[PDB]
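**Q** Once you've had a glance at the structure underneath, I'll fire off some questions.
Readers should treat all values here as calculations from the given coordinates under stated rules, not as data from a laboratory. In this analysis, Cβ positions are derived from the backbone assuming ideal geometry, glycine residues included, and neighbour counts consider all displayed protein chains.
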Amino acid sequence: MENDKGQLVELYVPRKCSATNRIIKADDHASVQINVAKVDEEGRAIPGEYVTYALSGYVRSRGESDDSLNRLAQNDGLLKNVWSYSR
Amino acid sequence: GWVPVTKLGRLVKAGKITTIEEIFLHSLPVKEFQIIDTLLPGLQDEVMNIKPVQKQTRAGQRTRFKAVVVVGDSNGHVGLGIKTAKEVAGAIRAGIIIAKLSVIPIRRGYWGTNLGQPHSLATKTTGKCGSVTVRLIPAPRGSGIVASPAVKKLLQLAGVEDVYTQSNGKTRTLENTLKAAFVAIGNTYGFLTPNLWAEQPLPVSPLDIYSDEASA
Amino acid sequence: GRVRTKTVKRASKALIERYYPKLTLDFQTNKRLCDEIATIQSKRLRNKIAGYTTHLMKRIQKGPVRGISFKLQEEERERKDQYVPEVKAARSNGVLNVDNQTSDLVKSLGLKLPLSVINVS
Amino acid sequence: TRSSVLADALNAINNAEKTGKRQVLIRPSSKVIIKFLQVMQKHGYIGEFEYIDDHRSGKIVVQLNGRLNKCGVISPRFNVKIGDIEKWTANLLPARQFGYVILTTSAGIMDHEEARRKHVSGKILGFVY
Amino acid sequence: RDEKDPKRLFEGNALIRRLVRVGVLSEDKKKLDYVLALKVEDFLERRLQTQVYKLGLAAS
Amino acid sequence: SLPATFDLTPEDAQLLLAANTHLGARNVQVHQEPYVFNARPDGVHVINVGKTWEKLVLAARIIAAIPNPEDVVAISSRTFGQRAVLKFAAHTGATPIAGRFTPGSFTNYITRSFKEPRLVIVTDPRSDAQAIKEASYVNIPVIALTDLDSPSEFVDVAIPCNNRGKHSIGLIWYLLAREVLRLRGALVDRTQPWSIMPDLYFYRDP
RNA sequence: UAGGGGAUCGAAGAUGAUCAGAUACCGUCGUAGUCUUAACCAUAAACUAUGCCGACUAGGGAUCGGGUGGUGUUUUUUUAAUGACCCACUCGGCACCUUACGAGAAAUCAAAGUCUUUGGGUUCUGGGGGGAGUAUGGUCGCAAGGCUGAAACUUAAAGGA
């Protein structure tokens, strides 16, 4: 959203569930945003650096999330198995 | 004194947080109220309806005096609450707060002709409570604030300036009416138009960014 | 009756927290003491606080009574906590028992099983 | 019966998407529909979509984004004159900007803003936002 | 209409110049657009009633 | 992850033939388990006898997911158990929770023995009905230890055995762990035995 | 309405009880009717007191009917086979829980939502309370009766939660 001359004219841009590209509308509570993590090449938790992702309320209600992430950090680049795009 | 409570309170006293748009981004809660006192001062109150009830005792009829209160400024910020109480002087009062935790953005914007300086909504919205249905619709320039005395009121405080309206919808219910209308503007933001799709990429939560101040 | 009261309990139950140690059951040695500590109204009230207390230290000893702990009972729970030694190591029946259908995934998953298992109700 | 096709599948697509299905399956395949999606797609509202044939009137998978807000079929299929669409947009499009009403001419199983650059109009089947 | 169509421009550029002649809206605002942000109160200053007042030749 | 000997060695048909874990049940085969070798003409389901080393030791990397095993528990409320799950809590990680489970303990900020896990487990999914539900909630993976008998919706993997009396409830977790530990921990790599008995492991008093 | 059937219940009728009265309640018998063939009538709180088509919104966990997939549960017979089963998924039901972003006079409602931001398609109905669904005509029926449907007069409330 913007003017004639490149002036972002808004309150903000809404944040949008990360697997579901709906919206997160202010006063959700249900509302999470994850901060997993990465290892460094060693049993050491990497600090000040992490992943992210972002759950609606939407799906907390429906069982969903557990299987929605178990798509995504396997789908990203950390996890191996559990999950299948071919059930 | 203020004083504080929770991780969220402490922060804003100190002033590690600045604007209300932090708080709707990460979409926090809010329990304390001063949390938007320090921030938005612009804020002004307004009393819509002071009605008696009643819960009817063994040789009498008890009464309170629902008030219902609306708050905000001009810029995309409405507040709304409904605290019965007994005597007016809790009843308004700790209405005024009831509304303040319920501050809610809006997402003034364009009719068409982009031009320069928002006057109307972005899009069509609807709301529903029990009976009332509100169909807010974006109107071109100073067309006007097309509605009942009260709706006008809400919608002024929330500038916004111009927009067609319509009801259904028993709107001798001043209370179920506002309930509703409110739940629509609070829902401009809860509607994907092309101009959002450009994926924004998550900041980092206050709840562990100033983790230490946030506690003893 | 004979049925105790808040003001009283909740005055002994606050007390019993700090002063378990001066602490007793000869209640006539608490009575005196229970003034140097609380800042009580009355003489009657005071004689009904300590009555209750002695109904704590006469059952405390007998055992773990409820929703009250005073840095002395809570350190006998980091002392009673812990235990069984050796931890789980089978030799005696070595091979550790592994349903006999417990060989497929973990033939499709590791390194060394010293396992126990049901050749087929 | 099934008395009408496009409708049936469309409705399920605003009842997949609501729940957050990432997709869909829909039965009776048409040309009509193939064309319909091919409009939607150009405009950024779905992707890919992987006909399947079975020698029959046939089945079609439509992979998601989670953008779709809403795509009702209109439905007699009324008639329409050029300067008339100017009544529709604002009776079923949230804005103007945006979000395409959509219609069927001669070219064209093609929206209205492209219609200007063509200057044509006939009957108006679905609409997107 | 679109923008650019014969009717829209002509009136606009005829519409507008009728209001430039009456002082109502400025030069600098006339795109079209914009005439909409004209409230009652602008017209009133261009009533003779008051333009006299401002040209003082009048106590109040 | 195909390795080497986690593979059966010289004794994995000898030691569960005196304990029964290939066995199923009476007139009962629950649509919800590959987890029944046929099914005989005289009585009874000869649980498939090769695929519990398939979803009782998913069940050991999934964790390997603990950085800190006392979260790695054992879920229960039986009699023959309170002497294997209490006990899965001792020799490694975990609050035992047999007897009191502690309802909530995973719904709801208001209780006592406080939970906020990421893969819990669960003896009898007829006795342990609240890792299937206290999970169909919000974000708490589960793992039922799925006899011919275990509603399978939402305990997403299989863990089959036999519980019609006797031993193998407790004496079966034992295998979840040993082989979870031989990914990560402190024991040792074909064999140099394993210093208990499966005949410590049984009762404490009737 | 005319034949058949006429166990049991059981208006009507008779009764004995109770009762100031009791033509009612309570009890025992009881034509007619309940049942059926063949022909009428068309009303009901015919009730979700919620027109149907559609299209879109927010979570669940059940179930009936299908269908798809899982070296899925037993069946054991030798492995299968099916079948019951489990679970995964779905489309179509018949409902239910929970929220309230909405709606409402509220009670409550996934529809009574998308309605003063007032408009997807169309058929019926109501406009104070009675008088009265009567009097009248007109009509369907053998009759009971239905559908149609006034006005004069009267009245400041009748009503909903």
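**Q** If I go through region B:66-93 residue by residue, how many of them are under 20 Å from B:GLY159 (Cα atoms) and crowded, with 18+ Cβ neighbours inside 10 Å?
**A** Result for region B:66-93: 10.
**Q** What pairs come up if the first residue lies in region D:9-24 and is part of a loop (DSSP other than H, G, I, E, B), the second is of a type in the set (S, T, N, Q) and surrounded by 18 or more Cβ atoms within 10 Å (Cβ to Cβ), and their beta carbons are under 6 Å apart, counting only those six or more places apart or on different chains?
**A** Matching pairs, first to second residue: D:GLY20/A:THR20.
**Q** Checking F:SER1 against (1) away from RNA strand G (no atom under 15 Å from the Cβ); (2) within 7 Å of chain C (Cβ to nearest Cβ): exactly one of these is not met. Which one?
**A** Exception for F:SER1: condition (1).
**Q** Only one of A:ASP28, A:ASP40, A:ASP67 is more than 13 Å from the chain's Cα centre (by Cα), assigned to a loop (DSSP other than H, G, I, E, B) and within 15 Å of RNA strand G (Cβ to nearest atom). Can you tell me which?
**A** A:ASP28
**Q** Looking at region F:119-146, which of the residues that are out of contact with any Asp or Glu (no Cβ under 8 Å at 6 or more places or on another chain) and of a type in the set (D, E, K, R) is surrounded by the fewest Cβ atoms within 10 Å (Cβ to Cβ)?
**A** Per the criteria, the residue is F:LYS133.
**Q** Quick test for you: out of F:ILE140, F:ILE97, pick the one residue that is within 30 Å of A:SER61 (Cα to Cα) and more than 16 Å from RNA strand G (Cβ to nearest atom).
**A** That would be F:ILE97, the only listed residue that is within 30 Å of A:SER61 (Cα to Cα) and more than 16 Å from RNA strand G (Cβ to nearest atom).
**Q** Check D:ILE52 against each of (1) within 14 Å of RNA strand G (Cβ to nearest atom); (2) in contact with a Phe, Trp or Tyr (Cβ under 9 Å, 6 or more places away or on another chain) and name the one condition it does not meet.
**A** With respect to (1) within 14 Å of RNA strand G (Cβ to nearest atom); (2) in contact with a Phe, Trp or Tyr (Cβ under 9 Å, 6 or more places away or on another chain), D:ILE52 is out only on (2).
**Q** Is it the case that F:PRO206 is within 12 Å of chain C (Cβ to nearest Cβ) and not hydroxyl-bearing (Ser, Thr, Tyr)?
**A** no
**Q** With under 24 Å from B:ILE20 (Cα atoms) and facing another protein chain (nearest Cβ under 10 Å) as the only criterion, which of B:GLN156, B:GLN117 stands out?
**A** Matching residue, one of B:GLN156, B:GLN117: B:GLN117.
**Q** Could you tell me which numbered condition B:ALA150 fails, if it satisfies all but one of (1) within 11 Å of another protein chain (Cβ to nearest Cβ); (2) more than 16 Å from A:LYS25 (Cα to Cα)?
**A** Unmet for B:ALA150, out of (1) within 11 Å of another protein chain (Cβ to nearest Cβ); (2) more than 16 Å from A:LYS25 (Cα to Cα): (1).
**Q** Considering B:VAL103, B:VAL132, which residue is within 29 Å of B:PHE33 (Cβ to Cβ), more than 14 Å from chain E (Cβ to nearest Cβ) and more than 9 Å from RNA strand G (Cβ to nearest atom)?
**A** That would be B:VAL103, the only listed residue that is within 29 Å of B:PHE33 (Cβ to Cβ), more than 14 Å from chain E (Cβ to nearest Cβ) and more than 9 Å from RNA strand G (Cβ to nearest atom).
**Q** Here's a follow-up. For region A:42-87, enumerate the residues that are more than 14 Å from chain B (Cβ to nearest Cβ) and among the acidic types (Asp, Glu).
**A** A:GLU42, A:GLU64, A:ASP66, A:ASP67, listed by residue number.
**Q** Which one of the conditions (1) over 26 Å from C:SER108 (Cβ atoms); (2) at the interface with chain C (Cβ under 10 Å from one of its Cβ atoms) does F:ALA89 fail to meet, given that it meets all the rest?
**A** Against the list (1) over 26 Å from C:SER108 (Cβ atoms); (2) at the interface with chain C (Cβ under 10 Å from one of its Cβ atoms), F:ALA89 comes up short only on (2).
For (1) away from RNA strand G (no atom under 11 Å from the Cβ); (2) of a type in the set (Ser, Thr, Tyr); (3) assigned to a loop (DSSP other than H, G, I, E, B); (4) within 11 Å of another protein chain (Cβ to nearest Cβ), each residue gets a yes or a no:
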{"site": "F:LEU17", "(1), (2), (3), (4)": "yes, no, yes, yes"}
{"site": "F:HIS31", "(1), (2), (3), (4)": "no, no, yes, no"}
{"site": "F:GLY43", "(1), (2), (3), (4)": "no, no, yes, yes"}
{"site": "F:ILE62", "(1), (2), (3), (4)": "yes, no, yes, yes"}
{"site": "F:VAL72", "(1), (2), (3), (4)": "yes, no, yes, no"}
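**Q** Does region C:84-99 contain any residue that is polar (S, T, N, Q), more than 30 Å from F:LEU187 (Cα to Cα) and either more than 7 Å from every other protein chain (Cβ to nearest Cβ) or surrounded by 11 or more Cβ atoms within 10 Å (Cβ to Cβ) (or both)?
**A** Within region C:84-99, not a single residue is polar (S, T, N, Q), more than 30 Å from F:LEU187 (Cα to Cα) and either more than 7 Å from every other protein chain (Cβ to nearest Cβ) or surrounded by 11 or more Cβ atoms within 10 Å (Cβ to Cβ) (or both).
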